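Here, each number is a calculation from the coordinates, and none is a lab measurement. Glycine gets a Cβ as well: all are built from the backbone with ideal geometry, and neighbour counts include every protein chain shown.
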Ligand SMILES: COc1ncnc(NCCc2ccc(S(N)(=O)=O)cc2)c1[N+](=O)[O-]
Ligand SMILES: [Zn+2]
C-alpha cells in the first residue's frame, strides 16, 4: 500500500508515511501575483543547457523522468535567486485527466493543463542524494503548459512514451535538447519550498516561470495514455499525478519582474 495519487493513497494520505507533508515550507502553492513582491535585486536566471546529455527515459509509476548525465558541469542553472551552481539531473511533468487541471502550482488560483519540473542539485553537495538533505540542495525550474499550438521540441519525448507505457519500463533517450521546452521569457517567481512527491523534503528553491509554453491537445493526450500500474496489472491511466496547492505559512513569493 504505497503512496500514489488515488482516493486511498493520494496526497491527503501522504502525511501518515511522510509527516513533513504538513510542514512549514511545503510545495506547491498558489502564486497570488498581486501579493508577490517585485525584487529588483533578483538577477536574471542563467540557464546553460548547451551541453546537456540526456541518457534515458523512465516510467516510475508516478510520472516519467527524462534523466541526464550529471557527472560533469554540463547543464547548469545559476543566478536568479541562487547562490552558486545547480546541475540538471532529470525533468518530468505533472498533468491532468482534462485540460482544466494538471499543474501543481497555480497562478491566482488558475490551474494549467500540466507543469514541467527541471530538477537541479547544488554542486556544493557533491550529488543528488546528499543535496536533498539540505535546505538549499535543489533548484527546480517550473514551467506551465497550456493546450494550443504544438511544442515541436516536445515531440521526441511524446513519441517514445508508447515504449514505456507501464511502471518500471525504461528506454534509451539520448541527444534530447531541453532548450526546446523553454518559453521566450525567463521572468519568474521564486519561493522556498519542497519536493511535491514523497519524501516531500524541504530542500527546494522554486523558480516558476511566468510564461507558459503551448503544447497541442494530441501531445497531452499521449501523456494520458501512460499507465500507473506495471505490465500485466489492471490498467490505471497515469492522469492527475499533481499535488494540490499547500498553505503558504510563513513565506514570501518574490517576482523577478514588475
Ligand atoms: C535518497 O535519495 C532521494 N531522496 C529524496 N527524494 C528522492 N526522489 C525524489 C526526487 C524528486 C525530485 C523532484 C520532485 S518535484 N515534483 O518537486 O520536481 C520530486 C521528487 C531521492 N531519489 O530517488 O533519488
Ligand atoms: Zn515535479
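Inclusion of residue 116 among residues that are in a strand (DSSP E or B) and more than 11 Å from ligand 1 (Cβ to nearest atom) is not warranted.
If only residues of the range 15-42 that are without any contact (Cβ under 8 Å) to a residue 60 or more places away in the chain and out of contact with any helix residue (DSSP H, G or I) (no Cβ under 8 Å at 6 or more places or on another chain) are counted, the one that is farthest from residue 87 (Cα to Cα) is 16. Total residues in the range 97-120 satisfying the condition of being buried (at least 17 other Cβ atoms within 10 Å of the Cβ) and away from ligand 2 (no atom under 14 Å from the Cβ): the figure is 6. Of all the numbered requirements in (1) within 16 Å of ligand 1 (Cβ to nearest atom); (2) assigned to a strand (DSSP E or B), residue 82 misses one, and that requirement is (2).
Taking the criterion of being within 16 Å of ligand 2 (Cβ to nearest atom) and either part of a strand (DSSP E or B) or free of Cβ contacts under 8 Å to residues at least 12 places away in the same chain (or both), the residues of the range 193-231 that qualify are 193, 204, 205, 206, 207, 208, 209, 213. Of all residues assigned to the range 22-38, at least one qualifies as being surrounded by fewer than 20 Cβ atoms within 10 Å (Cβ to Cβ), within 15 Å of ligand 1 (Cβ to nearest atom) and more than 18 Å from the chain's Cα centre (by Cα). With respect to being in contact (Cβ under 8 Å) with a residue 12 or more places away in the chain, more than 15 Å from residue 46 (Cα to Cα), surrounded by 15 or more Cβ atoms within 10 Å (Cβ to Cβ) and near ligand 1 (Cβ under 9 Å from one of its atoms), residue 144 falls outside the description.
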